[PDB]
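Given next, in structure tokens, is a single chain: the form deposited in one PDB entry.
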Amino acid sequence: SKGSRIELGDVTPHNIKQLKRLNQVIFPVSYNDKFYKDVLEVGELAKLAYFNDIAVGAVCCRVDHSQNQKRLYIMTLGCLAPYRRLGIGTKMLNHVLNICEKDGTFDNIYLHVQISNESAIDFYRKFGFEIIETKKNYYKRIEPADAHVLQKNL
């Protein structure tokens, strides 16, 4: 961290419009107004990422109680294409993993990744996520429609 050009910051009503703007560019699906209202209620489970003080990415997660487990679902985690491979993803993912580790009550953390997304698959597998399922027809309008479920056991 010493001398890093990357910092995470809180999401607030002042910068929620910035988060939406980033999400629009980065992710191929659009999120509704309820999504953005919810982000304001999850505390440290949502953050904006800054590179040299410029907002370039974001992470939004929620707690999911399914399969009789307590799970952390990564709804969105990403940064703008020109700033990729600079460790921003790592900073965001490590933040969420540290929240789970300090809580200690999570069974697993998981997300969906479109099957064509090789760089996301490489990235999550680096952190010990495993492809546990491939969901056919996960997306309704984009191609390929299929998504891998990537899960890390905690």
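All residue numbers refer to positions in the sequence shown, first residue = 1.
- Of the two stretches examined, 37 to 45 and 106 to 114, the record assigns the greater average C-alpha temperature factor to 37 to 45.
- Stretches compared: 95 to 103, 116 to 124. Higher mean C-alpha B-factor in the entry: 95 to 103.
- Of all the options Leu154, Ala147, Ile6, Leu150, the entry's greatest CA B-factor is assigned to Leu154.
- Compared with the other modelled residues of the chain, the Cα B-factor recorded for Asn23 ranks in the lowest third.
- The entry lists a Cα temperature factor for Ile54 that places it in the middle third of the chain's modelled residues.
- Residue-level temperature factors show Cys61 in the middle third of its chain, judged at the C-alpha atom.
Quick note: we don't show the form deposited with a partner chain bound, though the next part is all about it.
- For the chain shown alone, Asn52 is a contact residue for the partner chain in the deposited bound form, at least one non-hydrogen atom being within 4.5 angstroms.
- The closest non-hydrogen atom of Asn15 lies within 4.5 Å of the partner chain in the deposited bound form.
- Contact check for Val42: every heavy atom lies farther than 4.5 Å from the partner chain in the deposited bound form.
- Residue contact with the partner chain in the deposited bound form: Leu97 places no heavy atom within 4.5 Å of it.
- Candidate site formed by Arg5, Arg21 and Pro82: every one of these residues places a non-hydrogen atom within 4.5 angstroms of the partner chain in the deposited bound form.
- Heavy atoms within 4.5 Å of the partner chain in the deposited bound form are found in exactly one of 88 to 96, 52 to 60, 101 to 109, 125 to 133, that being 52 to 60.
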